[PDB]
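# Report on the structure
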Amino acid sequence: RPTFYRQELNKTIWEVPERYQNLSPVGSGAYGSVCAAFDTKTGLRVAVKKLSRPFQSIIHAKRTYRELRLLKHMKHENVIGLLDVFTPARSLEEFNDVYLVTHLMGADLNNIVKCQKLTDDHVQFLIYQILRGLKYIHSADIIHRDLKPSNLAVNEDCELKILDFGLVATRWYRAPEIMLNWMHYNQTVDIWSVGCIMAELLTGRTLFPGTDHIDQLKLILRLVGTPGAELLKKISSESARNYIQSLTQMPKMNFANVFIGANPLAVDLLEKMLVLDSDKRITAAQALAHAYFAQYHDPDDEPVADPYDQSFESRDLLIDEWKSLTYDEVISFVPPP
Ligand SMILES: O=C(c1ccc(Cl)cc1)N1C[C@@H]2C[C@H](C1)c1cccc(=O)n1C2
Ligand SMILES: O=C(c1ccc(Cl)cc1)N1C[C@@H]2C[C@H](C1)c1cccc(=O)n1C2
Ligand SMILES: O=C(c1ccc(Cl)cc1)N1C[C@@H]2C[C@H](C1)c1cccc(=O)n1C2
Ligand SMILES: Nc1ccc2c(NC3CC3)nc(-c3ccccc3)nc2c1
């Protein structure tokens, strides 16, 4: 066991191995607060994330478990990975805190776009990297579910990683089917989000800045058009079907008339990503092979993931059970080479 030391930063006491030095608060998310630190083992600047109230409730405990399971799985250039996980607890009995250690990236994509529209070349590279990471995540039958600029980190080399959570309204980036059904949907919900992000990088503006869920869908249908009969016939919920059928008919827009002056290949890709019907939306693997990425695409360096056991997602367990499973995962952790 390493030697731990204690310090108070903000409202919270941090107890970490002496390996991590010069902790400095950088901010907090919904699921925890984060300090930048110097990692004496690697010489790297790292992010140390202390999860908030990890075992407060059943859903908190299951969320903590989920977070650790997902982070332990991710081994890809374009996805956040786990450098270390630790607890100051010496036994399961006293186990109440979870710290996660990851690479510290320079900024998030919200910071970058909040002043600038990016050149097409830089958009190619950023979206390429997001899709490369997504191919990997999706290959493990994992859906991210919350891709947005604040959940994408970039360093000074313009290298990008998809994050677990950031430190920008989710609804603005959410696929329209997450309002119309739930039976069900697929990995392309993340592709919708990528489309929204790409549009924003190209224009400097949020594509669909809805004030609420009704406004959100209205803004979406103004671009992509109101559903045709062929899509309507695939909607199982009477209320959802009647909701969208009661809207005033909006024709689909030619995206070239919206993203004026953009690379025609960029516009073509956006047309394929922002399809209303998720059965017809482009996949991450398909998108990587799109002509827009001709400068970057390498079918032999776009790896897939090891299989991920998400059977736990369907289980209903007690707080101490999720807590015990989380403890197992801390103990079994093997640091990356
Ligand atoms: O896991 C998802 C989910 C969440 C977001 C996205 Cl983009 C895709 C699927 N769902 C399973 C259930 C019901 C729906 C869909 C849903 C929508 C929004 C949040 C949420 O937790 N859930 C949980
Ligand atoms: O499933 C994930 C998730 C978690 C970790 C990683 Cl590495 C990728 C995605 N997310 C979906 C939403 C919001 C974020 C991101 C999130 C982070 C951590 C736990 C969690 O339940 N959630 C639920
Ligand atoms: O059938 C609906 C539903 C869906 C959309 C609209 Cl506008 C109204 C009701 N719901 C029943 C459950 C829970 C909620 C509401 C819901 C919201 C969005 C999608 C969905 O499948 N469901 C399934
Ligand atoms: N094969 C499909 C394809 C698309 C779908 C979709 N997308 C519409 C843009 C909202 N929505 C819904 C649905 C079903 C029940 C309740 C709420 C939504 N189902 C779909 C099934």
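Residues numbered from 1 in each chain as written, not as in the entry; some residues may be left out. Chains lettered and ligands numbered in written order. Heavy atoms only, no water. Residues with missing side-chain atoms left out of burial classes, pairs and counts.

- Judging from the entry metadata, X-ray crystallography is the method by which this structure was determined, and 1.6000 Å is the reported resolution.

## Notes on the sheet that holds strand 3 (residues 20-28)
- With antiparallel pairing, five strands are arranged side by side in an open sheet as 3-4-5-7-6. Among the strands making up the open sheet, the edge pair consists of strand 3 and strand 6 (84-86). Going across the sheet, the axis of each strand differs from the next one's by a mean of 25 degrees, ignoring polarity.
- Of the strand pairs in this sheet, strand 4 (residues 32-39) and strand 5 (residues 45-51) are connected by seven bridges, and their pairing is antiparallel. Bridge pairing in strand 5 links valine 34 to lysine 49.
- Its contacts with the sheet place helix 1 (residues 58-73) against strand 5, strand 6 and strand 7 (99-103), and it is angled at close to 35 degrees to strand 7. (Pairing = 2+ DSSP bridges. Helix = DSSP H or I, 4+ residues; strand = E, 2+ residues; numbered from the N terminus. Axes fitted to C-alpha atoms, helices over the stretch in contact; angles between N-to-C directions. Contact = heavy atoms within 4.5 Å.)

## A few points about the UniProt feature "binding site: ATP" in the chain
- Under the UniProt annotation, the feature "binding site: ATP" is placed at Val26, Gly27, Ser28, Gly29, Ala30, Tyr31, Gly32, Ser33, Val34 and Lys49. Spatial clustering of the annotated residues is evident: they stretch over 24 residues in sequence, but the largest pairwise C-alpha distance comes to 14.4 Å.
- Among the secondary structure elements, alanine 30 is positioned in the loop between strand 3 and strand 4.
- Residue classification places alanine 30 among the exposed residues on the basis of a relative accessible area of 68%.
- With a relative accessible area of 6%, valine 34 lands in the buried category.
- Apart from the residues lying within four places of it in its own chain, the contact partners of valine 34 are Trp14, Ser24, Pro25, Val26, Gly27, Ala47, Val48, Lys49 and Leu167. (UniProt positions renumbered as here; feature names shortened; annotations may be inferred. Buried < 20%, exposed > 50% of the residue type's maximum accessible area, 1.4 Å probe, protein only.)

## As for the site of ligand 4
- By nearness alone, 13 residues border ligand 4, and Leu180, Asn181, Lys234, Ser237 and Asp279 come closest of all.
- Residue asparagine 181 places a side-chain N or O atom 3.0 Å away from a nitrogen atom belonging to ligand 4.
- For ligand 4, a nitrogen atom lies 3.1 Å from a polar atom in the side chain of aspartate 279.
- Burial of ligand 4 by the protein chains amounts to 91% of its free accessible area of 460 Å².
- Among the residues making up the shell around ligand 4, the classes are represented as six nonpolar, three polar and four charged. (Near = heavy atom within 4 Å. Polar contact = N/O pair within 3.5 Å; in protein donor to acceptor, adjacent residues only side chain to side chain. Areas by Shrake-Rupley, 256 points an atom, 1.4 Å probe, with all protein chains shown as cover. Nonpolar A, V, L, I, M, F, W, Y, C, P; charged D, E, K, R; others polar.)

## Description of the sheet that holds strand 9 (residues 152-154)
- Reading across from one edge, 8-9-10 is the order of the three strands in this open sheet, with antiparallel pairing throughout. Looking at strand neighbours, the two that pair on one side only are strand 8 (107-108) and strand 10 (160-162), the edges of this open sheet.
- Sitting on the sheet, helix 3 (residues 120-139) is in contact with strand 9 and strand 10, with an inclination near 35 degrees to strand 10.

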